[PDB]
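Visitor: Going by this note's numbering, the residue at position 738 of the sequence shown is 891; the numbering climbs one at a time, nothing skipped.
Shown below is the structure under consideration.
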Amino acid sequence: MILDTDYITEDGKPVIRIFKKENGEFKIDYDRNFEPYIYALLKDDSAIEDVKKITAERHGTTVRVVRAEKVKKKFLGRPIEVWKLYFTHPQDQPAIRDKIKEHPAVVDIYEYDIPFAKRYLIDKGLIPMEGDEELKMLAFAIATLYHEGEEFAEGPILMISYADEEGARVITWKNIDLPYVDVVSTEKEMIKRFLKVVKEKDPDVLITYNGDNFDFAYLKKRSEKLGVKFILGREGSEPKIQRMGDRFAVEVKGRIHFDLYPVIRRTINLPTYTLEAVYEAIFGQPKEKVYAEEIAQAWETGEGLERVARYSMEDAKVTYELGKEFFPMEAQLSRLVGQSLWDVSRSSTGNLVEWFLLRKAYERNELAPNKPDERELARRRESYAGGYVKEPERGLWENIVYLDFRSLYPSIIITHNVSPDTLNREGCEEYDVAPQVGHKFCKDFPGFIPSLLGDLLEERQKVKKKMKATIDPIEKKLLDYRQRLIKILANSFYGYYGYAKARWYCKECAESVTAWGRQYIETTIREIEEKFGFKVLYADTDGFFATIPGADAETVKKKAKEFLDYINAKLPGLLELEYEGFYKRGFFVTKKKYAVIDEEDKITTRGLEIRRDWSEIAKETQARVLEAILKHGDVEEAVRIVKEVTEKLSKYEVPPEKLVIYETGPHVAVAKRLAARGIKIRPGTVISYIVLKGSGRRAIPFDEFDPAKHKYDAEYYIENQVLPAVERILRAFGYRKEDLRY
């Protein structure tokens, strides 16, 4: 299988390198005959002789057009004849493209900024990560000596840990009596020892957590300080550092540097992205953090080195475990988009769609439009208006069904052939007109994007069938990832239409999809109201909550199934309405804010106060109010609960344990008290404090709370904690803040 591609320059000529892993053997293939090229649209074919003589300079050397050939391509559905201009080296293109564009007879130039190694994969039809080759992986982490006020990598590397199927080990230059610790004489010997393990193990994948912006940079500066050739690459190279906007990225030639940090940053949403928080969210198991001060103290005193070595071992162990969990998904994403795992794991949704489109465009002889210039880019940042949101019916409702469209936006794009190449195509015999906006889309031929989107949905179904039929659990997980990634790619096309940097950007397409979506949801609502007697309580973009106010639970379910059969027969093409849940009770506060409860008595919420500055009394009272309303149907009881809680708080009857806040006023006051005890100020959600009557404008750690010495601030927990947490819920029922505080 293909791992990656790149190029080196030898005597001014580019040489493509294909890094492969075939039958348990690493291989490098070379291609010295791939010519870089760009396209040029001319007003007259006679002008080609003027374009051939256009020259520029790279580094003293004169860059010129090697040869040209006239080709026939499609450009936004219309046939076009352009000149394919060949060059000696890919770096000739940035040097001459402006001089060719500025030529009067040149209407425009195309495909002039496509990286050579990526252009090779597309043009040769090569797909990375394809096949059943098993890759060898190795995770690693480092521990450093930190001092506040010193330059980057001023202190030495204390330990280097690594982990794989054989387990986790720690290399260090101090005596540690642990079975998994290997002891060397110096920091230099430790780094050299790590090089030998990577060389002997010869892993295809090097797994790190934030290795792009820390680990590799630290190792690089230390190896320069110690005079070590840090040869991690399979061809004898040192790790290559690249610039990715405001941050960095590291390649290790011949292998795949898989940095888990950007991957997990996109996949899951967490308050903090420390290695400890991430591991605990994915595996549900705890991981203790050992801070830089504790590491430095242990190394200088020589006391407690077992604890630091165990932490270093766990870092490598959990990084290998997380790498085993996220790599197969990224390998499937690489197969899907057609680019290396290295690029795919570090790219955004917009870039992933573009690279998929660029490959498909080449396959279909479709000339790709250019990226927007700075002027055009500013023109594409205009406001938006898409998605219907109904203002909800106020009050408590019973026996509610939730109905929604299956893939509304992709269905619209396919059904109505929405594409920049079908938009207002003159002489069209058949067309669909977008409501309100009035954009017409030709139906005479399949549009580029709807055609690909249709093939994606067909491929997804073929993948789902294979998944359900395969007994092999590893293959089932792989098919599951591919299937899920196809769904995500299909649901990225709408957003891509309105994506300012997109080559195939089309605001008319984007507005048309939302206008059609507004029409389908609004027509379905009036249909269920007029012909089935349902009341639509709330609706947002592709679904709605409905009920028959005086009907029982089985009656509402039956009528909903009958409505689905009715409207699905009327819906065109791929559009389909679905039954996605029944709820015993529910209330809809405002747009995007509501709460509902299923038959299993499970409360589902959206748009509630549930920030980091919150106590167990505020969380408990909100749950109690929600339960009284949704489970008992008693809104007056929910009010009495708040009145009871505020009265108990004012009379000091609430236990202090329910007043602890876990995390500017209280926070800075508690920070001073914690720093006074030797505890360093570190970013973490571990601060547990309680607010006292401080008579200032007051916070102490909960461990030090004593009822005989301290009295909590009842007014603070009423006005800043309990009331704000329940206020939005009870304001929907007509109650003000003052109607609850006794």
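Think of the CB as a built atom: it goes at the ideal place given N, C-alpha and C, for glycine as much as any other residue.
What would DSSP say about residue 630, mapped onto helix, strand or coil?
Guide: Position 477 of the sequence shown, counted from the start, is the residue given in the question as residue 630. Three-state DSSP puts residue 630 in a helix.
Visitor: For residue 570 and residue 656, which I take to be in contact (beta-carbon distance under 8 Å), what is that distance rounded to the nearest angstrom?
Guide: Taking the first residue of the sequence shown as 1, we reach residue 570 at position 417. Taking the first residue of the sequence shown as 1, we reach residue 656 at position 503. With 8 Å as the limit, residue 570 and residue 656 do not qualify as a contact, their Cβ atoms being about 20 Å apart.
Visitor: Ends of the alpha helix (DSSP H) at residue 870?
Guide: Position 717 of the sequence shown, counted from the first residue, corresponds to residue 870. Annotation: residue 870 is outside any alpha helix (DSSP H) and is labelled neither H nor E by DSSP.
Visitor: Less than 6 Å between C-beta atoms, sequence neighbours within five positions excluded: which residues of the same chain meet that for residue 514?
Guide: In the sequence shown, counting from the first residue as 1, residue 514 sits at position 361. Around residue 514: 521.
Visitor: Which complete beta strand (DSSP E) runs does the stretch 529 to 582 hold, if anything under 3 residues is left out?
Guide: 549 to 558
Visitor: Express the C-alpha separation of residue 375 and residue 634 in angstroms, rounding to a whole number.
Guide: By 1-based counting over the sequence shown, the position of residue 634 is 481. By 1-based counting over the sequence shown, the position of residue 375 is 222. Their backbone Cα atoms lie some 39 Å apart in a straight line.
Visitor: Pick out whichever of 289, 403 and 302 has its Cα sitting closest to the Cα of residue 351.
Guide: Residue numbering aside, residue 351 sits at position 198 when the sequence shown is read from its first letter. Of 289, 403 and 302, the residue nearest in Cα terms is 289.
Visitor: Quick one, are the C-beta atoms of residue 595 and residue 568 less than 7 Å apart?
Guide: As a first step, residue 595 must be located in the sequence shown, where it is residue number 442. As a first step, residue 568 must be located in the sequence shown, where it is residue number 415. Cβ distance not < 7 Å, so residue 595 and residue 568 don't count as in contact.
Visitor: Compare the Cα-Cα distances from residue 473 to each of 543, 318 and 812 and report the closest residue.
Guide: For the purposes of this step, residue 473 is taken as the residue at position 320 of the sequence shown. It is 318.
Visitor: Work out the CA separation of residue 769 and residue 782 for me, nearest whole Å.
Guide: Reading the sequence shown from its first residue, position 629 is the one you call residue 782. Reading the sequence shown from its first residue, position 616 is the one you call residue 769. Separation of residue 782 and residue 769 (C-alpha to C-alpha, rounded to the nearest whole angstrom) is 20 Å.
Visitor: Can you tell me which of 674, 468, 604 and 394 puts its alpha carbon nearest to the alpha carbon of residue 433?
Guide: Counted from its first residue, the sequence shown places residue 433 at position 280. It is 468.
Visitor: Go to residue 269, then tell me how far its alpha helix (DSSP H) extends in each direction, as first and last residue.
Guide: Position 116 of the sequence shown holds residue 269. It spans 269 to 276 - the alpha helix (DSSP H) in which residue 269 sits, taken as one unbroken run.
Visitor: If we ignore side chains and look at the alpha-carbon of each, how far apart do residue 216 and residue 210 end up?
Guide: Locating residue 216 in the sequence shown gives position 63, counting from the first residue. Locating residue 210 in the sequence shown gives position 57, counting from the first residue. Each residue's alpha carbon lies about 5 Å from the other.
Visitor: Alpha carbon to alpha carbon, how far is residue 729 from residue 809? Give it in angstroms, no decimals.
Guide: Looking up residue 809 in the sequence shown gives position 656. Looking up residue 729 in the sequence shown gives position 576. Taking the straight line from one Cα to the other gives about 54 Å.
Visitor: With distances taken Cα to Cα, identify the nearest neighbour of residue 233 among 241, 223 and 240.
Guide: For the purposes of this step, residue 233 is taken as the residue at position 80 of the sequence shown. The residue with the shortest Cα to Cα distance from residue 233 is 223.
Visitor: According to DSSP, simplified to helix, strand and coil, what is residue 397?
Guide: What you label residue 397 is simply residue 244 of the sequence shown in a count that begins at 1. In the structure shown, residue 397 sits in a strand (DSSP, three-state: E or B).
Visitor: Just verifying my parser: in three-state terms, what is the DSSP assignment at residue 669?
Guide: Counted from its first residue, the sequence shown places residue 669 at position 516. Residue state, collapsed to three classes: helix.
Visitor: In chain order, what residues of the same chain have a beta carbon less than 7 Å from the beta carbon of residue 784, not counting five sequence neighbours either side?
Guide: As a first step, residue 784 is located in the sequence shown; it is residue number 631 there, counting from the start. So the qualifying residues of the chain are 750 and 754.
Visitor: Per DSSP, what kind of secondary structure is residue 476 in: helix, strand or coil?
Guide: Sequence index remark: in the sequence shown, residue 476 carries index 323 (1-based). Note: residue 476 maps to helix in three-state DSSP.
Visitor: Does DSSP classify residue 503 as helix, strand or coil?
Guide: By 1-based counting over the sequence shown, the position of residue 503 is 350. Three-state result, residue 503: helix.
Visitor: Please state whether DSSP places residue 410 in a helix, a strand or coil.
Guide: In the sequence shown, the residue the question calls residue 410 occupies position 257. Reduced to three states, the DSSP call for residue 410 is strand.
Visitor: Which term fits residue 482, buried or exposed, when burial requires 16 or more other beta carbons within 10 angstroms of its beta carbon?
Guide: Taking the sequence shown and counting its residues from 1, the one referred to as residue 482 is at position 329. It is buried - the Cβ of residue 482 has at least 16 other Cβ atoms within 10 Å.
Visitor: Okay, do the stretch 574 to 590 and the stretch 714 to 723 touch, 3+ Cβ pairs below 8 Å being the bar?
Guide: no
Visitor: Closer than 8 Å is the cut-off here; do at least three beta carbon pairs connect the stretch 609 to 621 with the stretch 666 to 678?
Guide: no
Visitor: Rounded to whole angstroms, what's the CA-CA distance from residue 688 to residue 497? Just pull it up for me.
Guide: The residue given as residue 688 occupies position 535 in the sequence shown. The residue given as residue 497 occupies position 344 in the sequence shown. Taking the straight line from one Cα to the other gives about 46 Å.
Visitor: Between which two residues does the alpha helix (DSSP H) containing residue 497 stretch?
Guide: As a working mapping, residue 497 is identified with position 344 in the sequence shown. 494 to 497 is the span of the alpha helix (DSSP H), which, as asked, contains residue 497.
Visitor: Which full runs of the alpha helix (DSSP H) of 4+ residues lie inside the stretch 297 to 354, going along the chain?
Guide: Entirely contained in the stretch 297 to 354, the alpha helix (DSSP H) runs reaching 4 residues are, in chain order, 340 to 354.
Visitor: Where does residue 768 fall in DSSP's three states?
Guide: The residue labelled residue 768 in the question sits at position 615 within the sequence shown. In the structure shown, residue 768 sits in a strand (DSSP, three-state: E or B).
Visitor: Where residue 203 and residue 600 are concerned, what is the direct C-alpha to C-alpha distance, given to the nearest angstrom?
Guide: Here the question's residue 203 lines up with position 50 in the sequence shown. Here the question's residue 600 lines up with position 447 in the sequence shown. About 36 Å.
Visitor: Below 6 Å CB to CB, which residues in the same chain sit around residue 833 once its five sequence neighbours on both sides are set aside?
Guide: As a working mapping, residue 833 is identified with position 680 in the sequence shown. Counting only Cβ-Cβ distances below 6 Å, and skipping sequence neighbours, we find 446.
Visitor: Once the 5 residues before and after residue 393 are set aside, which same chain residues still bring their CB inside 6 Å of it?
Guide: Within the sequence shown, numbered from 1, the residue matching residue 393 stands at position 240. Hits under 6 Å: 404.
Visitor: Just grab the DSSP bridge partners of residue 841 for me.
Guide: Here residue 841 refers to the residue found at position 688 when the sequence shown is read from its first residue. Note: residue 841 sits in a beta bridge opposite 815.
Visitor: Would you list, in sequence order, the uninterrupted beta strand (DSSP E) runs of no fewer than 3 residues that lie entirely inside the stretch 802 to 836?
Guide: Listed in chain order, there is nothing to give.
Visitor: Could you give the DSSP three-state label for residue 649: helix, strand or coil?
Guide: Translated into positions along the sequence shown, residue 649 becomes position 496. Helix.
Visitor: I'd like to confirm the pairing. Which residues does DSSP put opposite residue 759 in its beta bridges?
Guide: Locating residue 759 in the sequence shown gives position 606, counting from the first residue. DSSP output for residue 759 lists 747 as bridge partner(s).
Visitor: Helix, strand or coil, according to DSSP, for residue 292 in the structure here?
Guide: For the purposes of this step, residue 292 is taken as residue 139 along the sequence shown, with counting starting at 1. Correct three-state label for residue 292: strand.
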